[PDB]
Structure formats: structure tokens, C-alpha cells
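Coordinate analysis (summary)
This is what each chain is made of:
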Amino acid sequence: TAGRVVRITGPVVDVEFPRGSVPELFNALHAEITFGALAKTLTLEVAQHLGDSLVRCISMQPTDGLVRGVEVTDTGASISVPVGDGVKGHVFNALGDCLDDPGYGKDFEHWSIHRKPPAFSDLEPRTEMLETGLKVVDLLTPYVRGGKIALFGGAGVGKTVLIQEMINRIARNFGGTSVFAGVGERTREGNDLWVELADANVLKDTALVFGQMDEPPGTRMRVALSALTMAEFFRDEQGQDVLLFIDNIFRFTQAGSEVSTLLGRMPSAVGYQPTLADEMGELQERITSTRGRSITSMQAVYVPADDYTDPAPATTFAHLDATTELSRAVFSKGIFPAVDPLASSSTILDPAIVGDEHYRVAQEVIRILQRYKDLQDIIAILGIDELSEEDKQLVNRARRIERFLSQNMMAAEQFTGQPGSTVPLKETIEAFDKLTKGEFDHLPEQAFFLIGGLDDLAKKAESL
Amino acid sequence: XXXXXXXXXXXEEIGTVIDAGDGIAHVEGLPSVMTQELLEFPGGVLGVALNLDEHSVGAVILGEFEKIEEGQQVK
Amino acid sequence: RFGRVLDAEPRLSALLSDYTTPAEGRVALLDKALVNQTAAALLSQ
Ligand SMILES: Nc1ncnc2c1ncn2[C@@H]1O[C@H](COP(=O)(O)OP(=O)(O)O)[C@@H](O)[C@H]1O
Ligand SMILES: [Mg+2]
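The rules behind these values
Residues numbered from 1 in each chain as written, not as in the entry; some residues may be left out. Chains lettered and ligands numbered in written order. Part of a larger assembly, values for the part shown. Heavy atoms only, no water. Residues with missing side-chain atoms left out of burial classes, pairs and counts. Contact = heavy atoms within 4.5 Å. Buried area = accessible area lost by both parts, 1.4 Å probe. Salt bridge = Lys/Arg side-chain N within 4 Å of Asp/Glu carboxyl O. Polar contact = N/O pair within 3.5 Å; in protein donor to acceptor, adjacent residues only side chain to side chain. Nonpolar A, V, L, I, M, F, W, Y, C, P; charged D, E, K, R; others polar. Pairing = 2+ DSSP bridges. Helix = DSSP H or I, 4+ residues; strand = E, 2+ residues; numbered from the N terminus. Expected span 1.5 Å × (residues − 1). Buried < 20%, exposed > 50% of the residue type's maximum accessible area, 1.4 Å probe, protein only. Axes fitted to C-alpha atoms, helices over the stretch in contact; angles between N-to-C directions. 1 Å grid on protein atoms, 1.4 Å probe; cavity = no way out; pocket = protein on both sides within 12 Å on 5 of 7 lines; lining within 4 Å. Points joined across faces, edges and corners; volume = space filled by probe spheres on them.

Judging from the entry metadata, cryo-EM is the method by which this structure was determined, and 3.4 Å is the reported resolution.

Per the PDB entry, chain C carries the name ATP synthase subunit b-delta and comes from Mycolicibacterium smegmatis. As recorded in the PDB, the entry bears the title "Cryo-EM structure of bedaquiline-free Mycobacterium smegmatis ATP synthase rotational state 1".

By the naming in the PDB entry, chain B is ATP synthase subunit alpha,ATP synthase subunit alpha, taken from Mycolicibacterium smegmatis.

At the junction of the two partners, chain A supplies twelve residues and chain B supplies 15 residues. Interface area for chain A against chain B, summed over the two sides, is near 1,100 Å², with a carbon-plus-sulfur share of 45%. Linking chain A to chain B there are two salt bridges. Between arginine 7 of chain A and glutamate 54 of chain B there is a salt bridge; the shortest N-O distance is 2.5 Å. In this structure, the connection of chain A to chain B is made through five residue pairs in polar contact. Residues of the side of chain A that touches chain B, tallied by class, amount to five nonpolar, four polar and three charged. Pairing of strand β1 (residues 3-9) of chain A with strand β4 (residues 45-52) of chain B involves two bridges; the strand directions are antiparallel.

Our focus in this paragraph is helix α5 (residues 250-263) of chain A. Helical geometry note: an α-helix holds 3.6 residues per turn, so side chains three or four residues apart project in the same direction. Residue and element names in this part refer to chain A. In a regular helix each residue adds 1.5 Å, so 14 residues correspond to 20 Å; α5 covers 20 Å between its end C-alpha atoms and thus fits that length. Of all the 14 residues making up α5, ten are buried; the element is thus mostly covered by neighbouring parts of the structure. Buried residues of α5: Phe250, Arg251, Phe252, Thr253, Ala255, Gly256, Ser257, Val259, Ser260 and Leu263, and no others. Taken from the residues just after α5, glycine 264 is the one with a positive phi, measuring 100°.

It is worth spelling out the sheet that holds strand β15 (residues 242-247) of chain A at this point. All names here are of chain A. Across the sheet, eight strands lie side by side as β8-β14-β13-β15-β16-β12-β17-β18; this open sheet has mixed pairing. The sheet terminates laterally at β8 (91-92) and β18 (345-346), the two strands that pair on one side only. Alignment of strand β13 (residues 177-182) against β15, held across six bridges, turns out to be parallel. Bridge pairing in β15 places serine 178 opposite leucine 243. Its contacts with the sheet put helix α4 (residues 217-236) on β8, β13, β14 (206-210), β15 and β16 (295-302), and the angle it makes with β13 is roughly 170°.

All names here are of chain A. In this structure, the largest cavity encloses a volume near 60 Å³. Lining the largest cavity are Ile167, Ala171, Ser178, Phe180, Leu193, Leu197, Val202, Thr206 and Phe245. Looking at the lining of the largest cavity, its residues break down into seven nonpolar, two polar and no charged.

Here we come to the pattern of salt bridges. Residues and elements named next belong to chain A. What the rule picks out here adds up to 22 salt bridges over all chains. Between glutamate 232 and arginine 286 there is a salt bridge, and its shortest N-O distance comes to 2.5 Å. A residue pair is termed long-range when its members are at least 10 positions apart, and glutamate 232 in helix α4 and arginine 286 in the loop between α6 (276-284) and β16 qualify at 54 residues. The buried category is assigned to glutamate 232, whose relative accessible area is 3%. Assessed through its relative accessible area of 3%, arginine 286 is described here as buried. Residue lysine 333 pairs with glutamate 402 through a salt bridge whose shortest N-O separation is 2.9 Å. Of this pair, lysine 333 sits in the loop between α8 (328-332) and β18 while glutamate 402 sits in helix α11 (residues 389-404), placing them 69 residues apart in sequence.

If you want it as C-alpha cells, here you go:
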């Protein structure tokens, strides 16, 4: 005995079941579409109970071709993804289907994507700094080994460049095992990544799960859970340390809104779903470094219309330990990676963790840039000349500090042709201390763009 | 015994427009219509069956929706 | 007894839902499938 479809509205499908055989929430159901070249087996996920033995489900595939009255069979379990050391090296989708080898993973151990987060008693905060080799990050927003990092920004400001750069900075040398969740990003980038990780030979040590934009919202929101399951398996069972890249996690909340509008739930503010914070929290709290093991996560967050006050970014800000924030304005200045020094933040930027020499320089730089950002309102009208000398001396080196935060990243080599640069922390501290104290105030601003370290600064200045 | 009784009890479709407004229509009948099926109306007008409810089908009208009216046959 | 049957048999119970279908055929099927003459008379009523 099994159920029947009785309503269809986009990817959302209502199914009626016998009186006593209603499926539990988040159970997976199978249905058939038999029109033609469009035919396929649909997986539906139970999202609600509507009463009278009727339940409302989210389709993981496009419903096109689904006719009313077709039978629907309950699997009795949630959507299950393959887990195991054999997962590494291959590409998967949200439903556990391998794309590189269709039959792969059918015989592996299967874990449910829906799981409760770790007990509070097993949580412990991390403080060990992670050295990436980017000046602005390592100085003002030091990442945490085993913490949660995020890259915010609008459209067309450097999510992908900086994300693959950080892949080169961490994953290229990380001794552990990596997972890459592509949540609603463009597919061409996924193919580029699948090729690049093989060129660099890193592929054999990382797993990829993709849910790109073309897919309907129902799976577009579950892809994150699908990959997080493999990440937390590598965490809890194998005991390895893990890197969990996710791009872009805003599309998870966007798919949540799309499915919400169909489920019939009333809209919140500007038009997101209610429980937005609850879904995002249920997702993010699972990505945590429990005692004795670690899962380092770098997330990308989209920001529509550059409205940093949009409820979704404003919500996701709460779950992150490090938050690099890109900006349109800094990008227009030609600065790259275009990080906003005053908006970005990191919780471990305190003297007890990073040391006094680092903290003092970071805070002096922040003070200089803040005074600059306050004088901008006059700078824009009357130019620098109107300012008093205590302000003009400050602005002259503020511009230089700002431009020196730029760096010639390895990823940009494919566009600019200039090779990449990695700098150690101590050299960055020395350089910015010298800058704030004025040992380089005599050089022109254009000398500072996209340098790298200090020796490269001298080499470039000599040529001008 | 129950199965045979159920089978004994169980032992070209055309619908009708019940509601029409501003480029959208609702259609009765068509139990076997597929979602996003290209329906056709008497006036030489097509439609896309977006929503399939328990009692009626929601169809966005393509082209001249002026030619649609209540009581028209849809196939 | 009839209630016990109709509760234990969920598919038969769903088939017994007939206010949308033609009531004459529903009555015919129920009578053919389903004794105390008065109880079955009330059931058909
Ligand atoms: N240091 C740099 N120099 C020159 N161009 C850059 C640099 N960093 C990023 N870019 C440009 O910015 C673009 C980033 O786009 P992307 O981050 O994918 O936007 P989104 O993620 O919003 O689609 C790239 O196409 C790249 O050409
Ligand atoms: Mg990108």
C-alpha cells in the first residue's frame, strides 16, 4: 500500500497516504514521470503534515511531467548520502549520485543528511591562528584553525578569485581531507575547479558535492546538508581534520525562501521565509570543531544590492568567527582582494592570542583608516589641501596603507599574468609598523599597488 | 475478497474554464493533465498548466487572453 | 463490527469516501461487499 499525488505547485507536491501509514518528516519518497525524454524518478522530501493523512513534500528534481494520481512510495528514511574514505576523489550531487561514475557509491555506507548538532558539552572554542599569506587577512582578520570563516560581498567583487586563492593557501598543503560544497554557484566554476584540482593533483584528497544554479530550490537547499554529512563523517568516524569549503551559502537561504513561498507560509520582512534564522542555525551549528577534532570552514556569502542590512547576511553574521567583507567601492579603486578593513573582523585579534606587536599595529592601522574614512566627506569636495597638517600627514600615509593592503594573489595570475606572492606574518607586521611610523611616506602611492612584501616594494619603487 | 471488490468498483478528456482574469485562467476537469502541459482553448490560444489543485488547474494564458471566457472547452 | 473492519482496512475506508463520486455506485459496492439486515440498512442510509 502506498500514497497518491493530489496537488502540484512547482516543485512542491502534496501526497495522500492511507490512514495509518503517513511518513515521518524529512522522509524520502519516490514518484515516476513517464512523459518521454523528460521521464525520471522524482525524490520528494516531506516538509509538512497537512492533516487528513495528507503531507506536503519538496521535490529534489523538476516536477515537469508529473501528473496527478500517480503512486508514491515511502522509503522510510531520510535522503542518504555515501560516506567513507572512498568518497574522496569523486564528484557527487545532493542525492548521492556520482557524476563522474554513475554507479559509484551505491555499495558504500550511507548516512542520513538530517542529523542533530553536537552536544553543547562537546564544544570547545578554538584560538590557534591560521596563516594564509595575505597581508590584510593575516593582519586585521586572522583566521582560526578549526573555526568558521566567511567571505561576504556583492556581485562581481571577488568571491571566486579569493576562494580558489584560499584553496591554494590552505588546501594545497593541508594534511587532512577536504570537502567542497557548491551551493548554488555557477556550474562553469565547478568544472573549472574539477579540472584545476586534478592539474594540481589535490583531487585525490578532496570530495566535491555540487548543487549548481540550474537545480530547483528543493535540492539547492539540501546540497549543503549533503556535503556537511560527509564532512562530519570524516570528522567523527575517521578522526581526520577537515576543510569544508561552501560557496555560496546565501543561496541556501534563498532556496529556503523559494520553497517557503510555495509551502504557503506567510512572508517575513523584505520577503524571506520565517524560521530563516532557525534553518541557517540548524545548518551552521553542525559545522563546528568538537573537542579533540577540527573542521575548518570557509564560506562565501552573497549580498544582494550590496545591502549589508539584508536579513540573510545579517543573520549569518552571528555564526562566524572570521568575517572578511568585500566592498564595491574598494574594488572600484583598483584595490584587490578589495577587503574592507573597517567592516571585516576576527574574534581572535586580541593580544592574548596574537601578541602585542601584532595587536598594536592592527589597531593603529584601523585608527588611521578610520580617520581617513571620516575625512572622506571633505576630501570629496575640497581635496586634501584644505585639511590641517595633523590630518594631511595622516591621510597621506592612510592612502598608502590602504593601497599596500592589496596583494598579487596566485589565482589572479590567469588574468593579469603577474605571478603570485606569499608573505610571512612577521614581514607584514614589520611593513605596516614602518608604514604607520612613516618610514615609507616618501614613495608615491602607485608604487604600493599589488606588491607583496617589502623587498618587492623596494624593487617596484626603484623602477618608478 | 476486498481487492476483487475494489477492482469491481473501480471498473480525449475535456475541461471547462470556471474562472478567467488578466492573463490567467482556472480550468475544471482534466484529471490526467501533466504539470506545465500546453493546454489549448477554443480561440486558438495556448496555456501553461502551472498549478494543479485538488479540484481545478491554474493555467497562464499565452497570447490573446481577451478571447477566453467562462464556459469554454479546454483540451 | 463494520466499524472495526472500516478502521482496520485503510484502503477500503478511503474507497468508502464517496461524496465526490456517484453515490449510487458507492452504495452498490458497499452493499455487495458488506448480517443484521437493519444494521446494513443503516449503513447504506
Ligand atoms: N587581483 C585581481 N586583479 C584583477 N582582477 C581581479 C582580481 N581579483 C578578482 N578579480 C576579478 O573579479 C572577478 C571575481 O568574480 P566573482 O568573485 O566570481 O564574482 P561573483 O562570485 O559575485 O560571481 C574575476 O572575474 C576577476 O577577473
Ligand atoms: Mg564567485
